[PDB]
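Residue numbers (the authors' numbering): 4 to 169.
C-beta: ideal position from N, C-alpha, C; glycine also.
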Amino acid sequence: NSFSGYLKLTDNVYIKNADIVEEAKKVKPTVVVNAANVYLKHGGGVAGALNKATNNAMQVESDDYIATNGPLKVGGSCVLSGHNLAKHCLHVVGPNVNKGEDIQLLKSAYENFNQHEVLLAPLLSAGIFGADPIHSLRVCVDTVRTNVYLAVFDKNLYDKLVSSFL
Ligand SMILES: Nc1ncnc2c1ncn2[C@@H]1O[C@H](COP(=O)(O)OP(=O)(O)OC[C@H]2O[C@H](O)[C@H](O)[C@@H]2O)[C@@H](O)[C@H]1O
């Protein structure tokens, strides 16, 4: 695969200090993961950046998905187009711990990754949703069995994560 410069964490999990949008643009992976909310309203963080890079096509598609199917579940997912970034985007909803949602649902969220052989992904719930980032990384490592390439935008966070036990 064309993923380059990743640090190996485990047999199947790799990590890099990179913007997921730039990784997706360069690699054009089969699957890029979005850290979504249940309404697929891609406002900020990973979702807002991915959507911006698609010139809002991701949001237009997402609005039709919701109109047809209704909100996702917390811990749930749907497969939509990856537009100009990837073949597919797997939109995954981690728990919004800052709004009282159960952190246990982070494991359910990462289980969705096992339906795909290779993914480029962020650390779910670790941003605006308020989960401890090292916890999200540990849940990823302990849940995902398929090959995951994690893109960590924030340099300070990356440096801390790669120096922490799993
Ligand atoms: N471009 C990026 N590339 C890689 N990692 C990033 C990027 N931007 C942020 N991160 C990191 O990615 C991690 C996740 O941060 P978040 O994207 O907030 O996701 P969540 O699951 O916590 O919140 C979901 C909400 O965020 C959106 O508003 C949605 O629309 C949802 O409403 C953090 O470590 C970030 O530093």
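Distance between beta carbons of residue j and residue i, contact taken as under 8 angstroms
| i | j | result |
| --- | --- | --- |
| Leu-127 | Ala-38 | 5 angstroms |
| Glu-104 | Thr-149 | Not really, about 25 angstroms apart at Cβ, beyond 8 angstroms. |
| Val-100 | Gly-79 | That belief does not hold up - the Cβ atoms of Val-100 and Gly-79 are roughly 16 angstroms apart, past 8 angstroms. |
| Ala-134 | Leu-109 | 6 angstroms |
| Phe-132 | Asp-22 | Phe-132 to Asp-22, Cβ: 19 angstroms. No contact. |
CB of residue i within 8 angstroms of CB of residue j, strictly
| i | j | result |
| --- | --- | --- |
| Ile-137 | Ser-166 | no |
| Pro-125 | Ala-154 | yes |
| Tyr-9 | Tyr-152 | yes |
| residue 2 | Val-147 | What the structure shows of the chain is the stretch from 4 to 169, and residue 2 is not part of that stretch, so it cannot be assessed. |
| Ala-52 | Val-16 | no |
| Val-34 | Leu-140 | no |
Residue closest to residue i, alpha-carbon to alpha-carbon, out of the options
| i | options | result |
| --- | --- | --- |
| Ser-111 | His-91, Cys-143 and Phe-6 | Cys-143 |
| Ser-7 | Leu-164, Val-30 and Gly-48 | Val-30 |
| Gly-130 | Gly-46, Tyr-42 and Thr-33 | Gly-46 |
| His-94 | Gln-62, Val-147 and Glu-25 | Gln-62 |
| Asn-72 | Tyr-42, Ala-56, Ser-5 and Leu-123 | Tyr-42 |
| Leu-164 | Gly-48, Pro-98, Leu-75 and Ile-18 | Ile-18 |
| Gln-107 | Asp-145, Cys-92, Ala-70 and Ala-56 | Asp-145 |
| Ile-69 | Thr-57, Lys-44 and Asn-59 | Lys-44 |
| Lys-28 | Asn-115, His-91, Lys-102 and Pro-98 | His-91 |
beta-carbon residue i near ligand 1 non-hydrogen atom, thresh 7 angstroms
| i | result |
| --- | --- |
| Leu-126 | yes |
| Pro-32 | no |
| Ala-60 | no |
| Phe-132 | yes |
| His-45 | yes |
| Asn-40 | yes |
| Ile-23 | yes |
| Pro-136 | yes |
| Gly-85 | no |
| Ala-56 | no |
| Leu-160 | yes |
| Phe-156 | yes |
| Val-165 | no |
| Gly-97 | yes |
Taking contact to mean 3 or more Cβ pairs, one atom from each stretch, closer than 8 angstroms, check whether the segment 82–95 and the segment 150–166 are in contact. no
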